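Written out below as structure tokens is the structure these notes cover.
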Amino acid sequence: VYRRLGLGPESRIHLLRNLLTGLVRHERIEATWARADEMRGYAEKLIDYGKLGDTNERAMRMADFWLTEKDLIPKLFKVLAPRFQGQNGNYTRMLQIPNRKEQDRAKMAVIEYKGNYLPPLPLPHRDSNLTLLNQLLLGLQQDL
Amino acid sequence: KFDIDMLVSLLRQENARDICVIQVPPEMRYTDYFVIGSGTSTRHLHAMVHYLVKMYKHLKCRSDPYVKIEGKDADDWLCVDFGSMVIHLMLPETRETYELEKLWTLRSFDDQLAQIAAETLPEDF
Amino acid sequence: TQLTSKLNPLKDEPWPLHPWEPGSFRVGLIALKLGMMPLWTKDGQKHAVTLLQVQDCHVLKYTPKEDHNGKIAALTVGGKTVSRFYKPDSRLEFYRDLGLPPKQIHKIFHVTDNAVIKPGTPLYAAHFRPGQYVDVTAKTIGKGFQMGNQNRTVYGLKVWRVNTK
Amino acid sequence: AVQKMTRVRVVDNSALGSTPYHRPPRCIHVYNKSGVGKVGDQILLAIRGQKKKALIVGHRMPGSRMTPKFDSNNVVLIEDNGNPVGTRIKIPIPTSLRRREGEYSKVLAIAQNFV
RNA sequence: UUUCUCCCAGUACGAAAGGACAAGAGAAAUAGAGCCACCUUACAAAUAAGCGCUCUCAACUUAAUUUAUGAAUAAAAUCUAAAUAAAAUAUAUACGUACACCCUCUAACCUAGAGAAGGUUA
């Protein structure tokens, strides 16, 4: 249930720790698809710790350990946590990007923090209902 | 049915010299009755042991299965385990040496219990 | 709608019912393995038991004795309905004629002529009864290259209880 | 439990068992179709440089549920004729030996302590 | 799958001594196929393992041999490289189990898998 990355399990935590810290600072990070999926679960769980409250000692310990840069700790409790108070989940959005042209052709994906101020990503749009097929289905819906 | 009173009467008929019967309270998780019997000689011990089992099988006990006889190889101690009673049959002289009656009559005050000793088991080096 | 339409076999021109005679073979069922748990008897003994659930068990195709195997005829039964989105049209076409949603697995059961049942008849766990010994065959768990994923049969398994609901 | 080697505590008043000795009493053979010896299983114990059959009454191996796990391996000596070598047993002995297949009445009679 | 005990039964049998069968039941053992409710060791992950638990087979077709009928051979003969009727090991496949379906495949997921294949998809 866990990918093998880095030179060891501790390196994976440190690698995951670095990735989590980078995401918070920028809110949008591009990395290999396998690594991005691995870090997605941790990011969502951290927001739950932020929602728990700043005064929570466990959250403070967790926030301090995971976020190397301490200026982010106020941001989590005063920017990230307040923003997603309404939402119950799905805080992180991960999308596929064309593979890197670095001679290794690794699978590339982009993971972003939802609600950010960054420019909107070019997300896919479903087919419009004005299409012939959709219109026919709409007629069936109306009859029913 | 085969019960305590019938067996002891059968034991008397075959002339058991010494019979000891000890009841067990409900708290103690063992047979309700513990029985010890004396017999003059191994031939008498074999005869009496067979007689009780034959009577037991004949005397109903259909629900209960057949009872195997333990200790027939030994010439001084034969014991048969019935459904509600266990009879331990031995010679008269063998009776005093073992003192099964003291063990049950005196649950914790039997003299032979103290006779047990301890040891030490050190390593070679 | 399809399931409700097939709920009543006896009200859908049921095939003639024949009396039992020695040597008759009844059809089998397909069930899902829920899990295992301990079961106790009136003797105080604890017996581990396995849970099998019969889901959407229906007769699908009847094969005549001569046309399938001269020794005995066979009946096809399928359960555990599956989605229609990611399946070929050929499989859907066959089930559309039968009037039932597609089933995960098709299995063939050897059934005597007297015990033949019209296709589309719903089969329930009540076919078996407590106290009856039954035979279950299933594919073994696959282990990869080191294996498994081979059909095996277990014989002489008693049935302790059936949950009708 | 008691098996090849597996130095055991001789719970008996037998002269060899009762007398202290510098080497512990180990087992040489298990009188069962399987090689594992548990409570109620005859074994070929060794005492005072002699080989004497012993009956296992306790083991430290994990057991089935609803049963007490002993912290020490206990055995009872049995003569060739089948009568116990010792006339008394000190450690509490489980009463399941009565129902166990075999001849256990003699040992149970000699076992005043039952748990 | 194999062994052992019990039962049948201290019976049948036998002057006694002694002492069976077949059928049935209970214990184990090992082999094979599996499984994780419990226990135990691990992963100090939701998993994998045993030291844990469950389940495991039928004989159409015969051979050594033993009889019946019966000529050659005048029989109240002869089992017959005489014509003929029977009984009688182990083998094995008559008897089964398992397989049977005919192929959507962007992508995702999988106890499926080296790759491929395979399964799943509100």
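Chain labels follow the order of the structure tokens: the first chain is A, the next B, and so on; residue numbering restarts at 1 in every chain, and ligands are counted from 1 in their shown order.
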
Point to revise | Residues within 10 Å of range 16-30 of chain A, only C-alpha atoms (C1' of nucleotides), excluding chain neighbours under 2 positions, as a PyMOL selection string | key: chain A and resi 5-6+10-14+32-33+35-36+38-40+42-43+46+63+65-69+71-73+75-76+80+92-97+108-118

Enumerate the residues of range 43-115 of chain D with a DSSP assignment of strand (DSSP E), computed from the backbone, and present them as a short mmCIF file (atom, residue, chain, number, x, y, z; two decimals) with N, CA, C and O atoms, in the first residue's frame.
```cif
data_model
loop_
_atom_site.label_atom_id
_atom_site.label_comp_id
_atom_site.auth_asym_id
_atom_site.auth_seq_id
_atom_site.Cartn_x
_atom_site.Cartn_y
_atom_site.Cartn_z
N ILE D 43 6.87 -39.90 27.55
CA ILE D 43 8.20 -39.53 27.09
C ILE D 43 9.23 -40.40 27.80
O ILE D 43 8.97 -40.98 28.85
N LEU D 44 10.42 -40.49 27.19
CA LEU D 44 11.54 -41.25 27.74
C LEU D 44 12.49 -40.26 28.41
O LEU D 44 13.46 -39.80 27.81
N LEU D 45 12.20 -39.93 29.67
CA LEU D 45 13.01 -38.98 30.40
C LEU D 45 14.31 -39.64 30.87
O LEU D 45 14.47 -40.86 30.85
N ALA D 46 15.26 -38.80 31.29
CA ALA D 46 16.54 -39.25 31.80
C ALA D 46 16.77 -38.64 33.17
O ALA D 46 16.64 -37.42 33.34
N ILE D 47 17.12 -39.47 34.15
CA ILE D 47 17.28 -39.03 35.53
C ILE D 47 18.43 -39.81 36.16
O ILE D 47 18.46 -41.04 36.09
N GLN D 50 19.98 -42.49 34.41
CA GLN D 50 19.08 -43.59 34.09
C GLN D 50 17.96 -43.09 33.19
O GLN D 50 17.62 -41.90 33.20
N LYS D 51 17.40 -44.00 32.40
CA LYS D 51 16.30 -43.69 31.50
C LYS D 51 14.99 -44.16 32.13
O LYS D 51 14.81 -45.36 32.35
N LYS D 52 14.10 -43.22 32.41
CA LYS D 52 12.81 -43.51 33.03
C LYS D 52 11.71 -42.81 32.24
O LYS D 52 11.81 -41.62 31.96
N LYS D 53 10.67 -43.56 31.90
CA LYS D 53 9.52 -42.97 31.22
C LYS D 53 8.84 -41.95 32.13
O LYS D 53 8.68 -42.17 33.33
N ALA D 54 8.44 -40.83 31.54
CA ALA D 54 7.75 -39.77 32.25
C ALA D 54 6.50 -39.36 31.49
O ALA D 54 6.43 -39.48 30.26
N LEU D 55 5.50 -38.90 32.23
CA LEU D 55 4.25 -38.40 31.67
C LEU D 55 4.20 -36.89 31.80
O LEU D 55 4.35 -36.36 32.91
N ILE D 56 3.99 -36.20 30.69
CA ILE D 56 3.93 -34.74 30.68
C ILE D 56 2.60 -34.29 31.27
O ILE D 56 1.54 -34.80 30.88
N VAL D 57 2.65 -33.34 32.20
CA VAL D 57 1.45 -32.76 32.79
C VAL D 57 1.34 -31.27 32.55
O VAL D 57 0.28 -30.69 32.85
N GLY D 58 2.38 -30.61 32.04
CA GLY D 58 2.31 -29.20 31.74
C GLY D 58 3.34 -28.82 30.71
O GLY D 58 4.37 -29.48 30.57
N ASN D 74 6.30 -29.63 33.35
CA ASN D 74 6.19 -30.57 34.46
C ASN D 74 5.89 -31.96 33.93
O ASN D 74 5.10 -32.12 32.99
N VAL D 75 6.53 -32.97 34.52
CA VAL D 75 6.36 -34.36 34.12
C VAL D 75 6.22 -35.23 35.37
O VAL D 75 6.62 -34.84 36.47
N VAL D 76 5.64 -36.41 35.18
CA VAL D 76 5.46 -37.39 36.24
C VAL D 76 6.05 -38.72 35.78
O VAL D 76 5.80 -39.16 34.66
N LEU D 77 6.84 -39.34 36.65
CA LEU D 77 7.50 -40.60 36.32
C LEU D 77 6.52 -41.76 36.37
O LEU D 77 5.64 -41.81 37.23
#
```

Review point. So which residues of chain A fall under alpha helix (DSSP H) by DSSP, listed as a ChimeraX atom specification?
Key: /A:9-26,33-52,57-66,72-75,81-83,132-143

Can those selected residues be exported to a file as a compact mmCIF listing (two decimals), in the first residue's frame so that it contains C-alpha atoms?
```txt
# COMPACT_ATOMS: atom_id res chain seq x y z
CA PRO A 9 11.89 4.25 4.24
CA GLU A 10 13.23 7.25 6.16
CA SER A 11 14.33 8.86 2.89
CA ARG A 12 10.79 8.37 1.59
CA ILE A 13 9.48 10.23 4.64
CA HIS A 14 12.09 12.94 4.10
CA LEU A 15 11.31 12.94 0.38
CA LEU A 16 7.61 13.05 1.22
CA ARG A 17 8.38 15.71 3.84
CA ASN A 18 10.20 17.84 1.26
CA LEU A 19 7.42 17.38 -1.29
CA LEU A 20 4.74 18.34 1.24
CA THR A 21 6.68 21.45 2.27
CA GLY A 22 7.16 22.49 -1.35
CA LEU A 23 3.47 22.09 -2.15
CA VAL A 24 2.42 24.32 0.76
CA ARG A 25 4.76 27.13 -0.25
CA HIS A 26 3.74 27.17 -3.93
CA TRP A 33 2.91 10.57 -11.47
CA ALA A 34 3.85 7.76 -9.08
CA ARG A 35 5.36 10.15 -6.53
CA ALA A 36 2.49 12.62 -6.85
CA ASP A 37 -0.08 9.94 -6.03
CA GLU A 38 1.95 8.80 -3.02
CA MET A 39 2.04 12.31 -1.54
CA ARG A 40 -1.63 13.07 -2.26
CA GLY A 41 -2.85 11.08 0.73
CA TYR A 42 -0.53 12.83 3.17
CA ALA A 43 -1.56 16.29 1.95
CA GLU A 44 -5.26 15.61 2.52
CA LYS A 45 -4.64 14.21 6.01
CA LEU A 46 -2.55 17.24 6.96
CA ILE A 47 -5.44 19.59 6.17
CA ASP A 48 -7.55 17.63 8.65
CA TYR A 49 -4.86 18.31 11.25
CA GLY A 50 -5.04 21.99 10.32
CA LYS A 51 -8.82 21.99 10.70
CA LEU A 52 -8.43 20.43 14.16
CA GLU A 57 -0.48 20.02 20.51
CA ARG A 58 -0.42 17.00 18.19
CA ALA A 59 -1.16 19.18 15.16
CA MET A 60 1.61 21.59 16.16
CA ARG A 61 4.08 18.71 16.49
CA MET A 62 2.92 17.23 13.19
CA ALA A 63 3.04 20.61 11.44
CA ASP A 64 6.51 21.40 12.79
CA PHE A 65 7.97 18.04 11.72
CA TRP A 66 6.44 17.92 8.24
CA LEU A 72 4.41 27.99 6.77
CA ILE A 73 2.97 26.92 10.14
CA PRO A 74 1.03 30.20 10.58
CA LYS A 75 -0.06 29.92 6.95
CA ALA A 81 -7.11 25.60 7.33
CA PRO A 82 -9.58 28.54 7.25
CA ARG A 83 -9.99 28.23 3.47
CA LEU A 132 -26.87 15.75 -31.18
CA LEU A 133 -26.39 12.72 -28.92
CA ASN A 134 -27.04 14.73 -25.76
CA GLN A 135 -30.12 16.35 -27.29
CA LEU A 136 -31.58 12.92 -28.07
CA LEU A 137 -30.99 11.81 -24.48
CA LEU A 138 -32.59 15.05 -23.28
CA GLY A 139 -35.68 14.22 -25.33
CA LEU A 140 -35.86 10.83 -23.63
CA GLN A 141 -35.53 12.56 -20.25
CA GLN A 142 -38.34 14.99 -21.09
CA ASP A 143 -40.69 12.20 -22.20
```

**Study point:** Atom-to-atom span, CA of residue 111 in chain C and CA of residue 24 in chain C, Å
**Key:**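 Calculated distance between CA of residue 111 in chain C and CA of residue 24 in chain C is 7.8 Å.
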
For the interface of chain B with chain D (cut-off 10 Å, counting only C-alpha atoms), please tabulate each contacting residue of chain B alongside its nearest pair of atoms and their separation in Å to one decimal, rows sorted by chain and increasing number, as CSV.
```
residue,atom,partner,partner_atom,distance
B:28,CA,D:114,CA,7.7
B:29,CA,D:95,CA,7.0
B:30,CA,D:95,CA,6.6
B:31,CA,D:98,CA,9.0
B:34,CA,D:109,CA,8.4
B:35,CA,D:109,CA,9.7
B:36,CA,D:109,CA,9.5
B:68,CA,D:103,CA,8.9
B:69,CA,D:103,CA,8.5
B:70,CA,D:103,CA,5.7
B:71,CA,D:82,CA,6.5
B:72,CA,D:82,CA,9.2
B:73,CA,D:81,CA,6.3
B:74,CA,D:81,CA,4.9
B:75,CA,D:81,CA,8.1
B:76,CA,D:83,CA,8.6
B:77,CA,D:83,CA,7.0
B:78,CA,D:106,CA,8.4
B:79,CA,D:105,CA,6.7
B:80,CA,D:105,CA,7.8
B:81,CA,D:105,CA,7.1
B:86,CA,D:105,CA,7.8
B:87,CA,D:105,CA,9.1
B:88,CA,D:106,CA,7.7
B:97,CA,D:87,CA,8.2
B:98,CA,D:87,CA,5.8
B:99,CA,D:87,CA,8.3
B:100,CA,D:109,CA,6.7
B:101,CA,D:109,CA,9.5
B:102,CA,D:112,CA,9.9
B:103,CA,D:112,CA,6.1
B:104,CA,D:112,CA,7.1
B:106,CA,D:112,CA,9.3
B:107,CA,D:112,CA,6.7
B:108,CA,D:112,CA,7.5
B:110,CA,D:112,CA,9.0
B:111,CA,D:88,CA,9.9
B:112,CA,D:88,CA,6.5
B:113,CA,D:88,CA,6.0
B:114,CA,D:90,CA,8.8
B:115,CA,D:13,CA,6.7
B:116,CA,D:13,CA,4.5
B:117,CA,D:18,CA,5.4
B:118,CA,D:18,CA,6.0
B:119,CA,D:20,CA,4.5
B:120,CA,D:20,CA,5.8
B:121,CA,D:24,CA,4.9
B:122,CA,D:22,CA,5.7
B:123,CA,D:23,CA,6.7
B:124,CA,D:23,CA,7.4
```

Requested write-out: C-alpha atoms of the selected residues, as a short mmCIF file (atom, residue, chain, number, x, y, z; two decimals), in the first residue's frame:
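Once everything was written out, this is out.cif:
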```cif
data_model
loop_
_atom_site.label_atom_id
_atom_site.label_comp_id
_atom_site.auth_asym_id
_atom_site.auth_seq_id
_atom_site.Cartn_x
_atom_site.Cartn_y
_atom_site.Cartn_z
CA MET B 28 -13.50 -29.90 42.65
CA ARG B 29 -13.55 -30.67 38.91
CA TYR B 30 -12.93 -34.41 39.13
CA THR B 31 -15.05 -37.56 39.29
CA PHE B 34 -13.25 -41.93 43.87
CA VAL B 35 -13.04 -45.62 44.81
CA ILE B 36 -10.09 -47.73 45.96
CA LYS B 68 -11.40 -49.91 28.91
CA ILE B 69 -9.50 -51.56 31.76
CA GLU B 70 -6.32 -49.81 32.89
CA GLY B 71 -3.42 -51.37 34.78
CA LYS B 72 -4.12 -55.03 33.96
CA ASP B 73 -0.44 -55.36 33.03
CA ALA B 74 0.56 -54.35 36.55
CA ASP B 75 0.11 -57.16 39.07
CA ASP B 76 -0.40 -54.79 42.03
CA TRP B 77 -2.53 -51.88 40.74
CA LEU B 78 -5.55 -52.15 38.42
CA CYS B 79 -7.88 -49.19 37.89
CA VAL B 80 -11.17 -49.08 35.97
CA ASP B 81 -12.76 -45.74 35.02
CA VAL B 86 -13.34 -44.74 39.44
CA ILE B 87 -12.23 -47.94 41.20
CA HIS B 88 -8.51 -48.39 41.89
CA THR B 97 2.31 -47.97 50.52
CA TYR B 98 0.40 -45.78 48.06
CA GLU B 99 -2.16 -44.48 50.60
CA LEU B 100 -4.60 -43.24 47.97
CA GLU B 101 -7.23 -42.95 50.72
CA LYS B 102 -5.08 -40.46 52.63
CA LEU B 103 -4.71 -38.31 49.51
CA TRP B 104 -8.47 -37.98 49.02
CA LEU B 106 -6.96 -35.55 53.54
CA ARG B 107 -7.12 -33.28 50.50
CA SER B 108 -4.13 -31.18 51.56
CA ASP B 110 -1.98 -36.17 53.44
CA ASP B 111 1.40 -37.13 54.89
CA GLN B 112 2.90 -38.32 51.59
CA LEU B 113 2.49 -34.83 50.10
CA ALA B 114 5.24 -33.48 52.35
CA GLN B 115 7.53 -36.32 51.25
CA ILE B 116 7.96 -34.62 47.87
CA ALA B 117 11.31 -32.83 47.57
CA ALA B 118 12.97 -30.28 45.30
CA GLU B 119 16.24 -30.19 43.36
CA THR B 120 18.72 -27.87 41.67
CA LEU B 121 19.90 -28.12 38.05
CA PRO B 122 23.08 -26.08 37.50
CA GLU B 123 24.88 -25.99 34.18
CA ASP B 124 28.26 -27.63 33.68
#
```

Practice item. For CA of residue 147 in chain C and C1' of residue 111 in chain E, quote the distance in Å rounded to one decimal. Key: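 Those two atoms sit 12.7 Å apart.
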
Review point. Counting only C-alpha atoms (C1' of nucleotides), what is within 10 Å of residue 67 in chain B, bar same-chain residues fewer than 3 positions away, as JSON, numbers by chain?
Key: {"B": [53, 54, 56, 57, 64, 70, 80, 81, 82, 83], "E": [6]}

Please, which residues in chain A fall within 12 Å of chain E when counting only C-alpha atoms (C1' of nucleotides), and what is the closest atom pair and distance in Å to one decimal for each, ordered by chain then residue number, as a tab-separated table?
```
residue	atom	partner	partner_atom	distance
A:1	CA	E:45	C1'	7.5
A:2	CA	E:45	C1'	8.4
A:3	CA	E:45	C1'	12.0
A:96	CA	E:107	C1'	11.3
```

Point to revise | 7 Å contact set for range 55-66 of chain E, only C-alpha atoms (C1' of nucleotides), chain neighbours under 2 positions out, as a PyMOL selection string | key: (chain C and resi 154-155) or (chain E and resi 94-95)

Exercise for review: Quick one: everything within 8 Å of residue 112 in chain E, counting only C-alpha atoms (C1' of nucleotides), minus sequence neighbours fewer than 4 positions away in the same chain. Send it as a list in words.
Suggested key: residues 142 of chain C; 118 and 119 of chain E

Write to file, as a PDB file, in the first residue's frame, the residues of the selection just made, with C-alpha atoms (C1' of nucleotides).
```
ATOM      1  CA  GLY C 142      -3.352 -16.927  -7.484  1.00  0.00           C
TER       2      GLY C 142
ATOM      3  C1'   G E 118      -6.631 -11.943 -17.488  1.00  0.00           C
ATOM      4  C1'   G E 119     -10.528  -9.649 -14.081  1.00  0.00           C
TER       5        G E 119
END
```

Check your understanding: Rounded to one decimal in Å, what is the spacing between CA of residue 95 in chain C and CA of residue 150 in chain C?
Key ->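 About the pair CA of residue 95 in chain C and CA of residue 150 in chain C: they are 27.4 Å apart.
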
Review point. What lies within 9 Å of residue 30 in chain D using only C-alpha atoms (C1' of nucleotides), ignoring chain neighbours under 4 positions off, as a PyMOL selection string?
Key: chain D and resi 2-4+34-37+41-45

Point to revise | Spatial neighbours of residue 44 in chain B, 12 Å, only C-alpha atoms (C1' of nucleotides), chain gap at least 3 places, as a list in words | key: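 The filter keeps residues 11, 14, 15, 16, 17, 37, 38, 39, 40, 41, 47, 48, 49, 50, 51, 72, 75, 76, 77, 78, 89, 90, 91 and 92 of chain B.
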
Please produce, as JSON lines, a per-residue contact table for chain E versus chain D (criterion: any atom at most 10 Å away, only C-alpha atoms (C1' of nucleotides) considered), showing the nearest atom pair and its distance in Å to one decimal, sorted by chain then residue number.
```
{"residue": "E:3", "atom": "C1'", "partner": "D:33", "partner_atom": "CA", "distance": 9.4}
{"residue": "E:4", "atom": "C1'", "partner": "D:33", "partner_atom": "CA", "distance": 9.6}
{"residue": "E:5", "atom": "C1'", "partner": "D:101", "partner_atom": "CA", "distance": 9.5}
{"residue": "E:27", "atom": "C1'", "partner": "D:101", "partner_atom": "CA", "distance": 8.0}
{"residue": "E:28", "atom": "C1'", "partner": "D:33", "partner_atom": "CA", "distance": 7.4}
{"residue": "E:29", "atom": "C1'", "partner": "D:33", "partner_atom": "CA", "distance": 6.1}
{"residue": "E:30", "atom": "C1'", "partner": "D:34", "partner_atom": "CA", "distance": 9.9}
{"residue": "E:38", "atom": "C1'", "partner": "D:65", "partner_atom": "CA", "distance": 7.6}
{"residue": "E:39", "atom": "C1'", "partner": "D:64", "partner_atom": "CA", "distance": 7.1}
{"residue": "E:40", "atom": "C1'", "partner": "D:62", "partner_atom": "CA", "distance": 7.8}
{"residue": "E:51", "atom": "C1'", "partner": "D:62", "partner_atom": "CA", "distance": 8.9}
{"residue": "E:52", "atom": "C1'", "partner": "D:64", "partner_atom": "CA", "distance": 9.6}
```

Restrict the selected residues to N, CA, C and O atoms (P, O5', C5', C4', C3', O3' and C1' of nucleotides) and save them as a PDB file, in the first residue's frame.
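And here is the file that came out, result11.pdb:
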```pdb
ATOM      1  P     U E   3      -3.050 -49.084   6.210  1.00  0.00           P
ATOM      2  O5'   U E   3      -2.558 -48.739   7.686  1.00  0.00           O
ATOM      3  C5'   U E   3      -1.196 -48.904   8.052  1.00  0.00           C
ATOM      4  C4'   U E   3      -0.895 -48.275   9.390  1.00  0.00           C
ATOM      5  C3'   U E   3      -1.667 -48.823  10.580  1.00  0.00           C
ATOM      6  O3'   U E   3      -1.142 -50.040  11.078  1.00  0.00           O
ATOM      7  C1'   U E   3      -1.711 -46.466  10.642  1.00  0.00           C
ATOM      8  P     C E   4      -2.125 -51.132  11.730  1.00  0.00           P
ATOM      9  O5'   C E   4      -2.528 -50.497  13.135  1.00  0.00           O
ATOM     10  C5'   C E   4      -1.558 -50.319  14.155  1.00  0.00           C
ATOM     11  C4'   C E   4      -2.056 -49.406  15.248  1.00  0.00           C
ATOM     12  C3'   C E   4      -3.298 -49.865  15.995  1.00  0.00           C
ATOM     13  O3'   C E   4      -3.028 -50.842  16.984  1.00  0.00           O
ATOM     14  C1'   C E   4      -3.530 -47.590  15.415  1.00  0.00           C
ATOM     15  P     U E   5      -4.124 -51.969  17.322  1.00  0.00           P
ATOM     16  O5'   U E   5      -5.205 -51.202  18.204  1.00  0.00           O
ATOM     17  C5'   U E   5      -4.894 -50.770  19.519  1.00  0.00           C
ATOM     18  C4'   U E   5      -5.982 -49.901  20.097  1.00  0.00           C
ATOM     19  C3'   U E   5      -7.364 -50.529  20.192  1.00  0.00           C
ATOM     20  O3'   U E   5      -7.510 -51.389  21.307  1.00  0.00           O
ATOM     21  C1'   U E   5      -7.551 -48.365  19.272  1.00  0.00           C
ATOM     22  P     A E  27     -12.552 -38.392  17.760  1.00  0.00           P
ATOM     23  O5'   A E  27     -11.326 -39.029  18.553  1.00  0.00           O
ATOM     24  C5'   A E  27     -10.015 -38.503  18.417  1.00  0.00           C
ATOM     25  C4'   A E  27      -8.971 -39.565  18.655  1.00  0.00           C
ATOM     26  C3'   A E  27      -7.613 -39.320  18.010  1.00  0.00           C
ATOM     27  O3'   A E  27      -6.786 -38.468  18.784  1.00  0.00           O
ATOM     28  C1'   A E  27      -8.318 -41.528  17.546  1.00  0.00           C
ATOM     29  P     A E  28      -6.749 -36.886  18.505  1.00  0.00           P
ATOM     30  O5'   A E  28      -5.265 -36.622  17.986  1.00  0.00           O
ATOM     31  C5'   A E  28      -4.899 -36.896  16.642  1.00  0.00           C
ATOM     32  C4'   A E  28      -3.973 -38.082  16.549  1.00  0.00           C
ATOM     33  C3'   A E  28      -2.956 -38.039  15.414  1.00  0.00           C
ATOM     34  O3'   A E  28      -1.783 -37.318  15.750  1.00  0.00           O
ATOM     35  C1'   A E  28      -4.098 -40.093  15.342  1.00  0.00           C
ATOM     36  P     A E  29      -1.267 -36.121  14.811  1.00  0.00           P
ATOM     37  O5'   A E  29      -0.335 -36.848  13.743  1.00  0.00           O
ATOM     38  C5'   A E  29       0.605 -37.832  14.148  1.00  0.00           C
ATOM     39  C4'   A E  29       0.961 -38.756  13.013  1.00  0.00           C
ATOM     40  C3'   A E  29       1.209 -38.093  11.668  1.00  0.00           C
ATOM     41  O3'   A E  29       2.504 -37.532  11.556  1.00  0.00           O
ATOM     42  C1'   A E  29      -0.232 -39.931  11.371  1.00  0.00           C
ATOM     43  P     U E  30       2.695 -36.038  10.993  1.00  0.00           P
ATOM     44  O5'   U E  30       2.871 -36.240   9.424  1.00  0.00           O
ATOM     45  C5'   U E  30       3.827 -37.158   8.915  1.00  0.00           C
ATOM     46  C4'   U E  30       3.367 -37.789   7.625  1.00  0.00           C
ATOM     47  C3'   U E  30       3.088 -36.836   6.476  1.00  0.00           C
ATOM     48  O3'   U E  30       4.260 -36.399   5.812  1.00  0.00           O
ATOM     49  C1'   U E  30       1.321 -38.387   6.649  1.00  0.00           C
ATOM     50  P     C E  38      -9.930 -13.304  14.811  1.00  0.00           P
ATOM     51  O5'   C E  38      -9.448 -14.481  15.770  1.00  0.00           O
ATOM     52  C5'   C E  38     -10.014 -14.641  17.062  1.00  0.00           C
ATOM     53  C4'   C E  38      -9.535 -15.905  17.731  1.00  0.00           C
ATOM     54  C3'   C E  38      -8.064 -15.946  18.105  1.00  0.00           C
ATOM     55  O3'   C E  38      -7.778 -15.237  19.297  1.00  0.00           O
ATOM     56  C1'   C E  38      -8.689 -17.992  17.090  1.00  0.00           C
ATOM     57  P     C E  39      -6.496 -14.273  19.373  1.00  0.00           P
ATOM     58  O5'   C E  39      -5.266 -15.281  19.438  1.00  0.00           O
ATOM     59  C5'   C E  39      -5.033 -16.059  20.601  1.00  0.00           C
ATOM     60  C4'   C E  39      -4.061 -17.180  20.336  1.00  0.00           C
ATOM     61  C3'   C E  39      -2.673 -16.763  19.879  1.00  0.00           C
ATOM     62  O3'   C E  39      -1.845 -16.337  20.946  1.00  0.00           O
ATOM     63  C1'   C E  39      -3.456 -18.516  18.507  1.00  0.00           C
ATOM     64  P     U E  40      -1.106 -14.911  20.879  1.00  0.00           P
ATOM     65  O5'   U E  40       0.284 -15.239  20.176  1.00  0.00           O
ATOM     66  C5'   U E  40       1.084 -16.324  20.623  1.00  0.00           C
ATOM     67  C4'   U E  40       2.001 -16.824  19.537  1.00  0.00           C
ATOM     68  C3'   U E  40       2.763 -15.759  18.766  1.00  0.00           C
ATOM     69  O3'   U E  40       3.897 -15.276  19.464  1.00  0.00           O
ATOM     70  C1'   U E  40       1.835 -17.312  17.250  1.00  0.00           C
ATOM     71  P     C E  51       5.362 -25.280  11.743  1.00  0.00           P
ATOM     72  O5'   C E  51       5.747 -25.164  13.285  1.00  0.00           O
ATOM     73  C5'   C E  51       5.265 -26.104  14.237  1.00  0.00           C
ATOM     74  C4'   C E  51       4.250 -25.480  15.162  1.00  0.00           C
ATOM     75  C3'   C E  51       2.900 -25.164  14.520  1.00  0.00           C
ATOM     76  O3'   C E  51       1.854 -25.353  15.473  1.00  0.00           O
ATOM     77  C1'   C E  51       3.864 -23.172  15.341  1.00  0.00           C
ATOM     78  P     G E  52       0.437 -25.959  15.022  1.00  0.00           P
ATOM     79  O5'   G E  52      -0.511 -24.682  14.920  1.00  0.00           O
ATOM     80  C5'   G E  52      -1.238 -24.220  16.050  1.00  0.00           C
ATOM     81  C4'   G E  52      -2.438 -23.408  15.638  1.00  0.00           C
ATOM     82  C3'   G E  52      -3.521 -24.161  14.882  1.00  0.00           C
ATOM     83  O3'   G E  52      -4.387 -24.889  15.736  1.00  0.00           O
ATOM     84  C1'   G E  52      -3.036 -22.145  13.754  1.00  0.00           C
TER      85        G E  52
END
```
